[PDB]
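Chains as they are written, first to last, in the entry's author numbering: chain A, 17 to 165; chain A', 17 to 165; chain A'', 17 to 165. A prime marks a further copy of an entry chain.
In this text, a Cβ means the ideal position worked out from N, Cα and C, and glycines have one as well.
Structure first, then comments.
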Amino acid sequence: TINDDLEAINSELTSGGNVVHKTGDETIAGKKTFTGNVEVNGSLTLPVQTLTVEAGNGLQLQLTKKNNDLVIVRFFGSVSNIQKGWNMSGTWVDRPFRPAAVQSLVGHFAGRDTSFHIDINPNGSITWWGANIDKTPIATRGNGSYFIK
Amino acid sequence: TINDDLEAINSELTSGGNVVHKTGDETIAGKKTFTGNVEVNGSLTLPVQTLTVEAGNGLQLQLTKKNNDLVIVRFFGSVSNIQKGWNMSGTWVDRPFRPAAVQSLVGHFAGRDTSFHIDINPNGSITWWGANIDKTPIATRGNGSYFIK
Amino acid sequence: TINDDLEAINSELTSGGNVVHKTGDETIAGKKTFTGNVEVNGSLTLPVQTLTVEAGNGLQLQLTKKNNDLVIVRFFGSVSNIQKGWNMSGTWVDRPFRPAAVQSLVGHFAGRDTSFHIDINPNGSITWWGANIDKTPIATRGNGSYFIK
């Protein structure tokens, strides 16, 4: 019974208890800090969040952020009725996806050489910075990427 | 000899054994989960895989994916003989690099203002969505980025 | 006093000592390797470094790299006085942000359909690959992304 302490300790040195081990699937809590190099050979799974935005004018926008920091933007739909400098007219970018500093992402017009970009800005509005688009709409594709913080 | 258990345990509390320690270089196996914040100050090394594609029409394409999720695309070569809507004619994107949902990446024509984009789609075909290109080829550069899953 | 060894060991199996635990905030040193899948539910914080470059001709360039590998480029200012093929005239990209292989990032001209790209190359020079720009300057925005190694 004095020797159980030992047996039981030679068990926590293998799995169970509050000890992280060199094998098994385990869970870990708290602000871990790693000063040296680290490596993952398998899959590392950072948190994901995705958001759909009808930016207005016909401009669809699917944003996909991972670990709150880098978000990839996928341009869809078709824009119409905007001036060279205008702030887009539809749904704003949600708090969770809004940049700290302004970020211009570059889209392209489907089946054309003409191009455009839009500014996501911290407040979450999206100003347009392509040429003045007429009532007759043009399809807008292309992927953007910006650091959230 | 009763006290060796102890000595030997006060060793696994330092290194060796199946225990992860606050120092040394160690290896770890199994689906580790980290509920709290984590930090790396050194280098974190996620798995890398790179792929070269002759998309056809003269369009070179070097894809580089890291941790199976985000791949950066580097456009090379020069495209010729394609319509505004056509599916590119050469080697398809391999299974390991194929998106779940379609992704348009935006390239640019070297020494010109004219631009283009192409669609990588889940099956791995690459449809072209720039203007109709004549027999006389044009050089295509620019980097794209898309989430694999 | 023989039993303190035990008490003291049943403490290092909880926190303190050189042992990583399933709870608390701890620090870790050395080349950790993770063969299995890993997961982070909170925030994972990779090292960050940001750099501002006056590329010359009026082309501003803010580069932001994370974990030394992927850097997002933010184009600013306005370019003027460059030929279709020229190497930009102002401050070069610093060693810490210079790619191994050349990377073209695609910018866009503010309030226009016209587009451009520039080549960051390993030595750190930035060759321009848009159309020949006159003395009258044009504003240049858009975000790029390239793998550093």
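- Between the region 78-91 of chain A'' and the region 40-51 of chain A'', the count of Cβ pairs shorter than 8 Å is below three; the stretches do not touch.
- In this chain, the alpha helix (DSSP H) harbouring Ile25 (chain A) covers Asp20 to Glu28.
- Within chain A', no residue has its CB atom less than 7 Å from the CB of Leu67 (chain A), the nearest being about 13 Å off.
- Contact note: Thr51 (chain A'') reaches chain A' through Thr43, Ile44, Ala45 and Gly46, using a C-beta cutoff of 9 Å and chain order.
- Between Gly123 (chain A'') and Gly158 (chain A''), the gap from beta carbon to beta carbon is short of 8 Å.
- In this chain, the beta strand (DSSP E) harbouring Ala155 (chain A) covers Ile154 to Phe163.
- Residue pairing for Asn103 (chain A''): DSSP places it in a beta bridge opposite A'':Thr143.
- Judged by DSSP secondary structure, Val69 (chain A) falls within the beta strand (DSSP E) whose first and last residues are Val64 to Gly72.
- C-alpha of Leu75 (chain A'') to C-alpha of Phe91 (chain A''): approximately 7 Å in a straight line.
- Look at the region 92-112 of chain A': it has no residue with a C-beta under 7 Å from a C-beta of chain A''.
- If you check each beta-carbon in the region 29-40 of chain A' against every beta-carbon of chain A'', the ones closer than 9 Å belong to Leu29, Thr30, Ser31, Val35, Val36, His37, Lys38, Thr39 and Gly40.
- With the rule of 3 Cβ pairs closer than 8 Å, the region 103-114 of chain A'' counts as touching the region 130-146 of chain A''.
- Residues of the same chain with a CB within less than 8 Å of the CB of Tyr162 (chain A), apart from the 5 flanking positions on each side, are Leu86, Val87, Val89, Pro115, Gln119, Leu121 and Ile136 in chain order.
- Any Cβ of chain A closer than 8 Å to the Cβ of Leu22 (chain A'') would place that residue at the interface, and such an atom is present.
- For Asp150 (chain A'') against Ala147 (chain A), the beta-carbon gap comes to about 19 Å, at or over 8 Å, which does not count as contact.
- By the criterion of a C-beta distance shorter than 6 Å, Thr66 (chain A') is surrounded in its chain by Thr80, once the five residues flanking it on both sides are discounted.
- When the five nearest sequence neighbours on each side are left out, the beta carbons in the same chain lying within less than 6 Å of the beta carbon of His133 (chain A') are those of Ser120, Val122 and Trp145, in order along the chain.
- Cβ contact annotation for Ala117 (chain A'') (same chain, cutoff 8 Å, sequence separation greater than five): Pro138, in chain order.
- Around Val56 (chain A'), the beta-carbon contacts reaching into chain A'' at under 8 Å are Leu60, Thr61, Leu62, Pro63 and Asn83.
- Under the three-state reduction of DSSP output, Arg90 (chain A'') falls in the strand class.
- Under a criterion of Cβ atoms nearer than 8 Å, the residues of chain A adjacent to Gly127 (chain A'') are, in order, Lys100, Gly101, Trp145, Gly146 and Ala147.
- Residue contact check for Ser27 (chain A'') against chain A': no CB pair falls below 8 Å.
- Look at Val89 (chain A): its C-beta is not under 8 Å from any C-beta on chain A'.
- Straight-line spacing of the CA atoms in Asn57 (chain A') and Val35 (chain A') works out to 22 Å.
- If the five residues before and after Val95 (chain A') are omitted, its C-beta is found closer than 7 Å to the C-beta atoms of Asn73, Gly74, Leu75, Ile149, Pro153, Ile154 and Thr156, all from its own chain and listed in chain order.
- For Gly158 (chain A''), the nearest CB of chain A lies under 8 Å from its own CB, placing it at the interface with that chain.
- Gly46 (chain A') and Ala71 (chain A') have their C-alpha atoms some 38 Å from each other.
- Within the same chain, Cβ atoms closer than 6 Å to the Cβ of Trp102 (chain A'') are found at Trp144, the five residues on either side in sequence being excluded.
- Taking the Cα of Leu62 (chain A') as reference, the smallest distance to any Cα among A:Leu29, A:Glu55 and A:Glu28 is reached at A:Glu55.
- Under a 10 Å Cβ-count criterion, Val64 (chain A'') is classified as exposed, with fewer than 16 other Cβ atoms of the shown protein chains found around its own Cβ.
- Nearest C-alpha to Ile164 (chain A) among A'':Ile98, A'':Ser131 and A'':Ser59: A'':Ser59.
- The alpha-carbon of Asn97 (chain A) is positioned some 10 Å away from that of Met104 (chain A).
- A distance below 8 Å separates the beta carbons of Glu42 (chain A') and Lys38 (chain A).
- Neighbours of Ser120 (chain A) in chain A', taken as residues at a C-beta separation under 7 Å, are lacking, since the least C-beta distance is about 13 Å.
- With 16 or more other CB atoms across the displayed protein chains lying within 10 angstroms of its CB, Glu28 (chain A') is buried.
- For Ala126 (chain A'), the closest C-alpha among the options A'':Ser131, A'':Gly160 and A'':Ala126 is that of A'':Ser131.
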